[PDB]
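The chain contents come next:
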Amino acid sequence: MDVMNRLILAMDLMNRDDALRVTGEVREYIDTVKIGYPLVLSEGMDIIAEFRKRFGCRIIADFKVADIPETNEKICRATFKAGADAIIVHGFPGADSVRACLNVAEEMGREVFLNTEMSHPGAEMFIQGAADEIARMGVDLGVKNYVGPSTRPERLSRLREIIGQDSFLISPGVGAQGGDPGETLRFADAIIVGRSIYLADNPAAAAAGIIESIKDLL
Amino acid sequence: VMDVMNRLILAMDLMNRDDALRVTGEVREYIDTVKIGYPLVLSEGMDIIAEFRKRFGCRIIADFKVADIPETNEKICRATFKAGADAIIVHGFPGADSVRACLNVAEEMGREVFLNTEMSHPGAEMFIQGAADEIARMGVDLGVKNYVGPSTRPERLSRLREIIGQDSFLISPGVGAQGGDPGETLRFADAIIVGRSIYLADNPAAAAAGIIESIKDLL
Ligand SMILES: O=c1cc(O)n([C@@H]2O[C@H](COP(=O)(O)O)[C@@H](O)[C@H]2O)c(=O)[nH]1
Ligand SMILES: O=c1cc(O)n([C@@H]2O[C@H](COP(=O)(O)O)[C@@H](O)[C@H]2O)c(=O)[nH]1
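Each value, and the rule that gives it
Residues numbered from 1 in each chain as written, not as in the entry; some residues may be left out. Chains lettered and ligands numbered in written order. Heavy atoms only, no water. UniProt positions renumbered as here; feature names shortened; annotations may be inferred. Helix = DSSP H or I, 4+ residues; strand = E, 2+ residues; numbered from the N terminus. Contact = heavy atoms within 4.5 Å. Near = heavy atom within 4 Å. Polar contact = N/O pair within 3.5 Å; in protein donor to acceptor, adjacent residues only side chain to side chain. Buried < 20%, exposed > 50% of the residue type's maximum accessible area, 1.4 Å probe, protein only.

For this coordinate set, the PDB header names X-ray crystallography as the determination method and states a resolution of 1.421 Å.

In the nomenclature of the PDB entry, chain B corresponds to Orotidine 5'-phosphate decarboxylase from the organism Methanothermobacter thermautotrophicus. In UniProt, chain B has this text filed under Function: "Catalyzes the decarboxylation of orotidine 5'-monophosphate (OMP) to uridine 5'-monophosphate (UMP)."

The name the PDB entry gives chain A is Orotidine 5'-phosphate decarboxylase, with Methanothermobacter thermautotrophicus as the organism. UniProt, in the comment section headed Function, describes chain A in these words: "Catalyzes the decarboxylation of orotidine 5'-monophosphate (OMP) to uridine 5'-monophosphate (UMP)."

Here it is as structure tokens:
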């Protein structure tokens, strides 16, 4: 996956007009948008096709898929029907649940991203202790796309070690949650940025600023 | 706690609006509580919750397995309750802050949170099972009153009932298609969740009635 400027916009605004306007304001800087449940549950799955029509951007559906295999298959099918290029799935529910998603992605010509360790403080309770094993599970299953935490560069580096340089790694927690863009790109292929851009007085200048700060990494 | 008719919750995971409505309507006399998940919501929109409320006298539990950071969890819960869901189901494996985010929105909005503790499918054995007792205890500590646990592992369902106590409300999926027994599950759960055994049956109403006949002495 070739992400413009190594920068993925997390579009978590919850109304269509604002989401479209802000995305339009930063369109020159990105070509990949992560759309999650905040926007989809507020405006419907048709918003994905709308983004594709307006911007041609790739769409990663951040749905943290975390059900039994049978339900996971249905969720992926509905998601790809809506035009998503990729879906993000949790590894904590185990290998069968991940495989269910890989099957549908293969059928519809899409990608699965595996979330290995999350960025927020609560990730320390249960997820962090399982994270290396979840990463190895991804490797065993043939997963090629991963998500790991900008807020813990040492853990992000370990995840990169496990999955290898061939795998694709994206990383949220940059900006609002405290992660640094350049440090994160030592290990991740691309950074995910939400509030630092979409809540900024001037989203375009915020994106431009982040890009300026990592210009030597592009 | 919610008064679940016949201790039976329909898992409405058909992805077609016409079929979902038909089947739900056919079993309406047996079931006043419907679990709606992402298979149906992602296919037909959040307005499906509105349509079920309009058409049927049913409570709606939004099974969204909420599993994000606290800030995003808050947004998901707000949108879900705004749409008319009585309750939402959240994961505990992302930790206490993520659960608390959901509880806070539910408190503010006058709705309820269910916490998923151990899941019913084989893969749950890899990571979830080992965390499940602690996730349940965490729930108790956070003041969670409603829980989900697995019909497919009676021993685990029993332990989870112990941890959360008799006053807590416990619902349990994995009955029928996944191999769990209605009667045995109701030894520990307040209500059973049933999907395919009902919605894929030639006569969903007869399937529901048959489940209910099998547990008649437990009502
Ligand atoms: O570990 C993770 C995984 C995520 O997907 N995310 C998501 O990435 C985005 C981060 O947005 P923000 O830059 O506003 O903190 C949100 O959509 C959040 O749900 C995260 O923050 N941490
Ligand atoms: O541990 C769990 C938790 C669930 O919510 N579920 C959900 O309960 C329902 C089970 O449906 P069924 O009776 O068709 O197996 C599905 O909606 C599934 O997503 C589950 O099967 N196991």
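The next point concerns the environment of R54 of chain A. All names here are of chain A. In this fold, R54 is placed in helix α3 (residues 46–55). With 28 residues separating them in the primary sequence, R54 and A82 have C-alpha atoms 15 Å apart. Sequence-distant contacts of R54, defined by excluding residues within four places in its chain, comprise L20 and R27.

With that settled, consider the site of ligand 1. Around ligand 1 sit 17 residues in total, of which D12, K64, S119 and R195 of chain A together with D68 of chain B are the nearest. More than one chain reaches ligand 1: the nearby residues come from chains A and B. Within the side chain of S119 of chain A, an N or O atom sits 2.7 Å from a nitrogen atom of ligand 1. Between ligand 1 and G194 of chain A, the relevant distance is 2.8 Å, taken from an oxygen atom to a main-chain nitrogen or oxygen of the residue.

Once that is clear, we can look at the UniProt feature "active site" in chain A. All names here are of chain A. In this numbering, the UniProt entry assigns the feature "active site" to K64. Locating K64 in the fold gives a position in strand β3 (residues 58–65). According to the relative accessible area criterion, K64 is buried, its value standing at 8%. Here the side chain of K64 touches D62 through a polar contact of 2.8 Å, side chain to side chain.

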